[PDB]
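J.: Input structure: work-v4.pdb, which contains PDB, C-alpha atoms and all ligand atoms.
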ATOM      1  CA  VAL A   3       7.382  12.330  16.195
ATOM      2  CA  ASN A   4       7.048  12.057  12.391
ATOM      3  CA  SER A   5       5.919  14.374   9.568
ATOM      4  CA  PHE A   6       2.617  12.695   8.617
ATOM      5  CA  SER A   7      -0.120  15.347   8.936
ATOM      6  CA  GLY A   8      -3.934  15.348   9.063
ATOM      7  CA  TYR A   9      -4.390  11.624   9.780
ATOM      8  CA  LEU A  10      -7.166  10.207  11.929
ATOM      9  CA  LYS A  11      -5.815   7.756  14.524
ATOM     10  CA  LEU A  12      -7.656   4.405  14.359
ATOM     11  CA  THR A  13      -5.514   2.397  16.795
ATOM     12  CA  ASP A  14      -2.217   2.539  18.657
ATOM     13  CA  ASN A  15      -0.358   2.043  15.356
ATOM     14  CA  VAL A  16      -2.760   2.623  12.418
ATOM     15  CA  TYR A  17      -3.621   6.047  10.989
ATOM     16  CA  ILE A  18      -5.821   6.963   7.995
ATOM     17  CA  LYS A  19      -6.321   9.971   5.698
ATOM     18  CA  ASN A  20      -8.275  10.853   2.533
ATOM     19  CA  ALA A  21      -5.314  11.527   0.277
ATOM     20  CA  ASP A  22      -3.692  10.724  -3.044
ATOM     21  CA  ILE A  23      -0.778   8.447  -2.084
ATOM     22  CA  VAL A  24       1.345   9.996  -4.861
ATOM     23  CA  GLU A  25       0.878  13.522  -3.500
ATOM     24  CA  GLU A  26       1.383  12.314   0.045
ATOM     25  CA  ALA A  27       4.647  10.549  -0.867
ATOM     26  CA  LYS A  28       5.899  13.624  -2.760
ATOM     27  CA  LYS A  29       5.295  15.799   0.275
ATOM     28  CA  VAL A  30       6.477  13.523   3.134
ATOM     29  CA  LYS A  31       9.238  11.582   1.315
ATOM     30  CA  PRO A  32       8.649   8.658   3.722
ATOM     31  CA  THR A  33      11.265   5.998   4.356
ATOM     32  CA  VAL A  34       8.839   3.444   2.855
ATOM     33  CA  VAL A  35       5.933   3.822   0.437
ATOM     34  CA  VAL A  36       3.940   0.650  -0.258
ATOM     35  CA  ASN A  37       2.922  -0.187  -3.807
ATOM     36  CA  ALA A  38      -0.143  -2.297  -4.599
ATOM     37  CA  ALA A  39       1.888  -4.566  -6.868
ATOM     38  CA  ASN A  40       1.174  -7.667  -8.907
ATOM     39  CA  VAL A  41       3.517 -10.658  -9.144
ATOM     40  CA  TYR A  42       5.010  -9.411 -12.435
ATOM     41  CA  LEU A  43       5.582  -5.865 -11.127
ATOM     42  CA  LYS A  44       3.638  -4.608 -14.159
ATOM     43  CA  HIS A  45       2.545  -1.205 -12.887
ATOM     44  CA  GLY A  46      -0.294  -0.559 -15.308
ATOM     45  CA  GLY A  47      -3.118   0.949 -13.293
ATOM     46  CA  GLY A  48      -4.535   1.604  -9.880
ATOM     47  CA  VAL A  49      -2.058   2.695  -7.226
ATOM     48  CA  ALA A  50       0.825   1.020  -9.072
ATOM     49  CA  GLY A  51       0.129   2.803 -12.342
ATOM     50  CA  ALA A  52      -0.108   6.120 -10.512
ATOM     51  CA  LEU A  53       3.102   5.622  -8.499
ATOM     52  CA  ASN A  54       4.982   4.493 -11.587
ATOM     53  CA  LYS A  55       3.716   7.453 -13.646
ATOM     54  CA  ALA A  56       4.946   9.802 -10.906
ATOM     55  CA  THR A  57       8.452   8.263 -11.290
ATOM     56  CA  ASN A  58       8.417   8.933 -15.065
ATOM     57  CA  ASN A  59       8.449   5.109 -15.595
ATOM     58  CA  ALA A  60      11.703   4.639 -13.647
ATOM     59  CA  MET A  61       9.859   2.327 -11.237
ATOM     60  CA  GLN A  62       8.848   0.112 -14.190
ATOM     61  CA  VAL A  63      12.392   0.055 -15.613
ATOM     62  CA  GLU A  64      13.813  -1.004 -12.243
ATOM     63  CA  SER A  65      11.012  -3.545 -11.793
ATOM     64  CA  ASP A  66      11.605  -5.169 -15.183
ATOM     65  CA  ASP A  67      15.261  -5.716 -14.279
ATOM     66  CA  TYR A  68      14.190  -7.183 -10.904
ATOM     67  CA  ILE A  69      11.831  -9.680 -12.571
ATOM     68  CA  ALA A  70      14.361 -10.618 -15.242
ATOM     69  CA  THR A  71      16.805 -11.551 -12.460
ATOM     70  CA  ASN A  72      14.488 -13.016  -9.817
ATOM     71  CA  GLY A  73      11.254 -14.090 -11.498
ATOM     72  CA  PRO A  74       7.784 -13.202 -10.244
ATOM     73  CA  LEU A  75       6.801 -12.519  -6.679
ATOM     74  CA  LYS A  76       4.377 -14.727  -4.756
ATOM     75  CA  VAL A  77       0.832 -13.574  -4.058
ATOM     76  CA  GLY A  78       1.148 -12.407  -0.447
ATOM     77  CA  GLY A  79       4.835 -11.600  -0.954
ATOM     78  CA  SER A  80       6.887  -8.466  -1.424
ATOM     79  CA  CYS A  81      10.185  -6.979  -2.459
ATOM     80  CA  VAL A  82      12.002  -3.774  -1.516
ATOM     81  CA  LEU A  83      13.091  -1.579  -4.417
ATOM     82  CA  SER A  84      13.936   2.096  -4.803
ATOM     83  CA  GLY A  85      11.414   4.753  -3.865
ATOM     84  CA  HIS A  86      12.743   6.955  -6.690
ATOM     85  CA  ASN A  87      11.504  10.551  -6.253
ATOM     86  CA  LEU A  88       8.686   9.465  -3.913
ATOM     87  CA  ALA A  89      10.338   7.789  -0.890
ATOM     88  CA  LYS A  90      13.621   6.214   0.160
ATOM     89  CA  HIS A  91      12.253   2.734  -0.576
ATOM     90  CA  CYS A  92       9.197   1.230  -2.224
ATOM     91  CA  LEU A  93       7.845  -1.949  -0.659
ATOM     92  CA  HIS A  94       6.044  -3.707  -3.520
ATOM     93  CA  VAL A  95       3.401  -5.900  -1.844
ATOM     94  CA  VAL A  96       1.168  -8.340  -3.737
ATOM     95  CA  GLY A  97      -2.287  -8.615  -2.244
ATOM     96  CA  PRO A  98      -4.654 -11.181  -3.760
ATOM     97  CA  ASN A  99      -6.572  -9.924  -6.811
ATOM     98  CA  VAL A 100     -10.195 -11.081  -6.455
ATOM     99  CA  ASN A 101     -10.737 -10.394 -10.131
ATOM    100  CA  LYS A 102      -8.199 -13.211 -10.726
ATOM    101  CA  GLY A 103      -9.778 -15.627  -8.227
ATOM    102  CA  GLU A 104      -6.939 -15.428  -5.675
ATOM    103  CA  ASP A 105      -7.553 -16.568  -2.103
ATOM    104  CA  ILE A 106      -8.493 -13.625   0.150
ATOM    105  CA  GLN A 107      -6.892 -15.378   3.113
ATOM    106  CA  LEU A 108      -3.641 -14.347   1.443
ATOM    107  CA  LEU A 109      -4.451 -10.769   2.424
ATOM    108  CA  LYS A 110      -3.129 -11.357   5.960
ATOM    109  CA  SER A 111       0.155 -12.729   4.577
ATOM    110  CA  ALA A 112       0.418  -9.637   2.361
ATOM    111  CA  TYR A 113       0.021  -7.263   5.319
ATOM    112  CA  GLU A 114       2.607  -9.227   7.347
ATOM    113  CA  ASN A 115       5.254  -7.754   5.024
ATOM    114  CA  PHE A 116       4.566  -4.351   6.585
ATOM    115  CA  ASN A 117       5.918  -5.598   9.947
ATOM    116  CA  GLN A 118       9.459  -5.593   8.533
ATOM    117  CA  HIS A 119       9.334  -1.760   8.436
ATOM    118  CA  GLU A 120       8.947   0.525  11.434
ATOM    119  CA  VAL A 121       6.922   3.205   9.584
ATOM    120  CA  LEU A 122       5.135   3.055   6.206
ATOM    121  CA  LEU A 123       2.858   5.065   3.941
ATOM    122  CA  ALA A 124       0.484   2.590   2.296
ATOM    123  CA  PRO A 125      -2.771   1.998   0.428
ATOM    124  CA  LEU A 126      -5.330  -0.574   1.510
ATOM    125  CA  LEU A 127      -4.125  -3.862   0.041
ATOM    126  CA  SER A 128      -6.376  -5.660  -2.435
ATOM    127  CA  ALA A 129      -8.740  -2.651  -2.605
ATOM    128  CA  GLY A 130      -9.581  -0.689  -5.736
ATOM    129  CA  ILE A 131      -9.028  -2.660  -8.949
ATOM    130  CA  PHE A 132      -7.870  -5.712  -6.948
ATOM    131  CA  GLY A 133     -11.536  -6.277  -6.122
ATOM    132  CA  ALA A 134     -11.581  -6.898  -2.355
ATOM    133  CA  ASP A 135     -13.880  -5.194   0.143
ATOM    134  CA  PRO A 136     -11.897  -2.220   1.524
ATOM    135  CA  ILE A 137     -13.665  -2.485   4.906
ATOM    136  CA  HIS A 138     -12.292  -6.012   5.200
ATOM    137  CA  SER A 139      -8.845  -4.887   4.073
ATOM    138  CA  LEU A 140      -8.767  -2.242   6.811
ATOM    139  CA  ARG A 141      -9.794  -4.825   9.420
ATOM    140  CA  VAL A 142      -7.017  -7.210   8.335
ATOM    141  CA  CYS A 143      -4.540  -4.321   8.349
ATOM    142  CA  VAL A 144      -5.424  -3.336  11.918
ATOM    143  CA  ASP A 145      -5.348  -6.955  13.105
ATOM    144  CA  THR A 146      -2.048  -7.826  11.350
ATOM    145  CA  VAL A 147       0.245  -4.801  11.140
ATOM    146  CA  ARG A 148       2.031  -3.949  14.385
ATOM    147  CA  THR A 149       4.357  -1.283  12.977
ATOM    148  CA  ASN A 150       3.251   2.291  12.336
ATOM    149  CA  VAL A 151       1.169   2.504   9.159
ATOM    150  CA  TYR A 152      -0.251   5.653   7.549
ATOM    151  CA  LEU A 153      -3.036   4.666   5.153
ATOM    152  CA  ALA A 154      -3.918   6.917   2.215
ATOM    153  CA  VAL A 155      -7.422   6.436   0.803
ATOM    154  CA  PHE A 156      -7.934   8.188  -2.553
ATOM    155  CA  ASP A 157     -11.732   8.183  -2.626
ATOM    156  CA  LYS A 158     -13.343  10.646  -0.187
ATOM    157  CA  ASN A 159     -16.614   8.732  -0.200
ATOM    158  CA  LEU A 160     -14.810   5.495   0.690
ATOM    159  CA  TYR A 161     -12.669   7.210   3.331
ATOM    160  CA  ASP A 162     -15.792   8.436   5.135
ATOM    161  CA  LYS A 163     -17.347   4.962   4.928
ATOM    162  CA  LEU A 164     -14.176   3.333   6.323
ATOM    163  CA  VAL A 165     -14.040   5.739   9.283
ATOM    164  CA  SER A 166     -17.757   5.623  10.042
ATOM    165  CA  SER A 167     -17.865   1.798   9.987
ATOM    166  CA  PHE A 168     -14.601   1.215  11.878
ATOM    167  CA  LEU A 169     -14.921  -0.913  15.004
TER     168      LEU A 169
HETATM  169  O1  LIG B   1      -4.158   7.986  -8.435
HETATM  170  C1  LIG B   1      -3.482   8.448  -7.575
HETATM  171  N1  LIG B   1      -3.350   7.804  -6.257
HETATM  172  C2  LIG B   1      -4.098   6.578  -5.933
HETATM  173  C3  LIG B   1      -4.597   5.746  -6.928
HETATM  174  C4  LIG B   1      -5.330   4.618  -6.588
HETATM  175  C5  LIG B   1      -5.564   4.314  -5.248
HETATM  176  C6  LIG B   1      -6.414   3.066  -4.976
HETATM  177  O2  LIG B   1      -6.185   1.982  -5.402
HETATM  178  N2  LIG B   1      -7.611   3.381  -4.204
HETATM  179  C7  LIG B   1      -8.581   2.377  -3.895
HETATM  180  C8  LIG B   1      -9.791   2.647  -4.807
HETATM  181  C9  LIG B   1      -9.915   3.181  -6.095
HETATM  182  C10 LIG B   1     -11.184   3.315  -6.661
HETATM  183  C11 LIG B   1     -12.324   2.914  -5.957
HETATM  184  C12 LIG B   1     -12.198   2.383  -4.676
HETATM  185  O3  LIG B   1     -13.323   1.986  -3.940
HETATM  186  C13 LIG B   1     -10.925   2.270  -4.113
HETATM  187  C14 LIG B   1     -10.451   1.731  -2.754
HETATM  188  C15 LIG B   1      -9.158   2.478  -2.513
HETATM  189  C16 LIG B   1      -9.342   3.941  -2.142
HETATM  190  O4  LIG B   1     -10.458   4.506  -2.295
HETATM  191  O5  LIG B   1      -8.354   4.588  -1.695
HETATM  192  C17 LIG B   1      -5.090   5.142  -4.230
HETATM  193  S1  LIG B   1      -5.133   5.185  -2.516
HETATM  194  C18 LIG B   1      -4.235   6.616  -2.312
HETATM  195  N3  LIG B   1      -3.920   7.043  -3.536
HETATM  196  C19 LIG B   1      -4.356   6.275  -4.588
HETATM  197  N4  LIG B   1      -2.769   9.693  -7.850
HETATM  198  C20 LIG B   1      -2.871  10.321  -9.171
HETATM  199  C21 LIG B   1      -3.270  11.800  -9.165
HETATM  200  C22 LIG B   1      -4.266  10.740  -9.644
END
Translate this structure into structure tokens?
T.:
Amino acid sequence: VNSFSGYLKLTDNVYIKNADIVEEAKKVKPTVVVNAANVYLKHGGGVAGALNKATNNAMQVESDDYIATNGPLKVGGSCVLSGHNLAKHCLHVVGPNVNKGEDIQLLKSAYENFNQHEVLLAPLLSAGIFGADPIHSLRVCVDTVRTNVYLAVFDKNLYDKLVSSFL
């Protein structure tokens, strides 16, 4: 039993809710919240900008030190950093950004990072300002992630479309 509430069950291990991931993290304080990161951990907009704003920029400060030490992530890769006031840990995962021409096949590699964590609160990777089709992202999630994932979808209209079209 866990504290995630109001989710629709899509499969054995994947759950979905119309929710603001920031507000959901604040309320649940999950072990892991996933950030929709870029390789530079520059949390300017989208989910990343919102998560970072909710940490009062502490996520960005920590991220800048990480990059200065380690260099950029790979597209499809991830790193574990602090969850600050939102979660125990933040798993920063880089999905391909279609508006940069990155290969969408890398989306499966990106979701594979979730399998290193037993339970996660997450957005749909490569959705929103990353330019991918969210219906496709949900399909890859379901077909790749084997651990327990709670997906927060900000847009109510998109949430309803994702549920109604789910196979
Ligand atoms: O801003 C947040 N939280 C989140 C921000 C961005 C996102 C995000 O990238 N969503 C995508 C998006 C955005 C726009 C059009 C779209 O078709 C899609 C597909 C995805 C979706 O619809 O979910 C999310 S997902 C849960 N939470 C947040 N909190 C602050 C109080 C405002």
J.: Enumerate, in order of chain and increasing residue number, the residues of chain A with an atom no farther than 8 Å from ligand LIG 1 (chain B), each with its shortest atom pair and distance in Å to one decimal, counting all atoms listed in the file, as a tab-separated table.
T.:
residue	atom	partner	partner_atom	distance
A:20	CA	B:LIG1	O5	7.6
A:21	CA	B:LIG1	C18	5.7
A:22	CA	B:LIG1	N3	3.7
A:23	CA	B:LIG1	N3	3.7
A:24	CA	B:LIG1	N4	5.1
A:25	CA	B:LIG1	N4	6.8
A:38	CA	B:LIG1	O2	7.4
A:47	CA	B:LIG1	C4	8.0
A:48	CA	B:LIG1	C4	4.5
A:49	CA	B:LIG1	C4	3.8
A:50	CA	B:LIG1	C3	7.5
A:51	CA	B:LIG1	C3	7.8
A:52	CA	B:LIG1	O1	4.9
A:53	CA	B:LIG1	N1	7.2
A:124	CA	B:LIG1	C18	7.7
A:125	CA	B:LIG1	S1	4.9
A:126	CA	B:LIG1	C15	6.3
A:129	CA	B:LIG1	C14	4.7
A:130	CA	B:LIG1	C8	3.5
A:131	CA	B:LIG1	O2	6.5
A:136	CA	B:LIG1	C14	6.0
A:153	CA	B:LIG1	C18	7.8
A:154	CA	B:LIG1	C18	4.5
A:155	CA	B:LIG1	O5	3.2
A:156	CA	B:LIG1	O5	3.7
A:157	CA	B:LIG1	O4	3.9
A:158	CA	B:LIG1	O4	7.1
A:159	CA	B:LIG1	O4	7.8
A:160	CA	B:LIG1	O4	5.4
A:161	CA	B:LIG1	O4	6.6
J.: To verify the selection step, state as a compact mmCIF listing (two decimals) with C-alpha atoms, in the coordinates of the input which residues the PyMOL selection byres (((chain A and resi 137) around 8) and not hetatm) yields on this input.
T.:
# COMPACT_ATOMS: atom_id res chain seq x y z
CA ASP A 135 -13.88 -5.19 0.14
CA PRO A 136 -11.90 -2.22 1.52
CA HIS A 138 -12.29 -6.01 5.20
CA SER A 139 -8.85 -4.89 4.07
CA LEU A 140 -8.77 -2.24 6.81
CA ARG A 141 -9.79 -4.82 9.42
CA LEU A 164 -14.18 3.33 6.32
CA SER A 167 -17.86 1.80 9.99
CA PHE A 168 -14.60 1.22 11.88
J.: For the file shown, what are the residues hit by the PyMOL selection byres (((chain A and resi 142-146) around 9) and not hetatm), laid out as a list in words?
T.: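 With the PyMOL selection byres (((chain A and resi 142-146) around 9) and not hetatm) on this model, the match is residues 12, 13, 15, 16, 109, 110, 111, 113, 114, 116, 117, 126, 127, 137, 138, 139, 140, 141, 147, 148 and 151 of chain A.
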J.: Between A:66, A:115, A:46, A:36, which one has atoms that come closest to residue 94 of chain A, using all atoms listed in the file?
T.: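 Answer, going by the shortest atom-to-atom distance: A:36.
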J.: Enter the distance from atom CA of residue 86 of chain A to atom CA of residue 100 of chain A, in Å, rounded to one decimal.
T.: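 The value is 29.2 Å.
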J.: For the provided coordinates, the residues matched by the PyMOL selection byres (((chain A and resi 6) around 9) and not hetatm) should be stated as an MDAnalysis selection string.
T.: chainID A and resid 3:5 7:9 26 30 32 123 152
J.: With only C-alpha atoms as the atoms that count, which of A:90, A:44, A:28, A:76 lies nearest to residue 56 of chain A?
T.: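 Result for the nearest residue to residue 56 of chain A: A:28.
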J.: N, CA, C and O atoms are needed for segment 128-139 of chain A; please write them out as a JSON list (two decimals), keeping the file's coordinate frame.
T.:
[["chain", "number", "residue", "atom", "x", "y", "z"],
["A", 128, "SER", "N", -5.34, -4.94, -1.73],
["A", 128, "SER", "CA", -6.38, -5.66, -2.44],
["A", 128, "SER", "C", -7.63, -4.82, -2.68],
["A", 128, "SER", "O", -8.60, -5.34, -3.23],
["A", 129, "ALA", "N", -7.61, -3.53, -2.33],
["A", 129, "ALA", "CA", -8.74, -2.65, -2.60],
["A", 129, "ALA", "C", -8.66, -2.14, -4.04],
["A", 129, "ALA", "O", -7.80, -2.56, -4.83],
["A", 130, "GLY", "N", -9.57, -1.24, -4.39],
["A", 130, "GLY", "CA", -9.58, -0.69, -5.74],
["A", 130, "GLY", "C", -9.73, -1.79, -6.77],
["A", 130, "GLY", "O", -10.57, -2.69, -6.63],
["A", 131, "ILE", "N", -8.91, -1.72, -7.83],
["A", 131, "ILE", "CA", -9.03, -2.66, -8.95],
["A", 131, "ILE", "C", -8.64, -4.09, -8.60],
["A", 131, "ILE", "O", -8.83, -4.99, -9.43],
["A", 132, "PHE", "N", -8.12, -4.34, -7.39],
["A", 132, "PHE", "CA", -7.87, -5.71, -6.95],
["A", 132, "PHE", "C", -9.13, -6.39, -6.43],
["A", 132, "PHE", "O", -9.11, -7.59, -6.17],
["A", 133, "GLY", "N", -10.23, -5.64, -6.25],
["A", 133, "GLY", "CA", -11.54, -6.28, -6.12],
["A", 133, "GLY", "C", -11.99, -6.68, -4.73],
["A", 133, "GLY", "O", -13.12, -7.16, -4.61],
["A", 134, "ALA", "N", -11.16, -6.52, -3.70],
["A", 134, "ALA", "CA", -11.58, -6.90, -2.36],
["A", 134, "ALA", "C", -12.41, -5.79, -1.72],
["A", 134, "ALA", "O", -12.42, -4.64, -2.16],
["A", 135, "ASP", "N", -13.12, -6.16, -0.65],
["A", 135, "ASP", "CA", -13.88, -5.19, 0.14],
["A", 135, "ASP", "C", -12.91, -4.35, 0.97],
["A", 135, "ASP", "O", -12.19, -4.90, 1.81],
["A", 136, "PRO", "N", -12.85, -3.04, 0.76],
["A", 136, "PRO", "CA", -11.90, -2.22, 1.52],
["A", 136, "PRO", "C", -12.14, -2.23, 3.03],
["A", 136, "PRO", "O", -11.19, -2.06, 3.80],
["A", 137, "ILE", "N", -13.39, -2.40, 3.47],
["A", 137, "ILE", "CA", -13.66, -2.48, 4.91],
["A", 137, "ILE", "C", -12.95, -3.69, 5.49],
["A", 137, "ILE", "O", -12.35, -3.63, 6.57],
["A", 138, "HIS", "N", -13.01, -4.82, 4.78],
["A", 138, "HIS", "CA", -12.29, -6.01, 5.20],
["A", 138, "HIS", "C", -10.78, -5.79, 5.18],
["A", 138, "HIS", "O", -10.08, -6.20, 6.11],
["A", 139, "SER", "N", -10.28, -5.15, 4.14],
["A", 139, "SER", "CA", -8.85, -4.89, 4.07],
["A", 139, "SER", "C", -8.37, -4.06, 5.27],
["A", 139, "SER", "O", -7.32, -4.34, 5.84]]
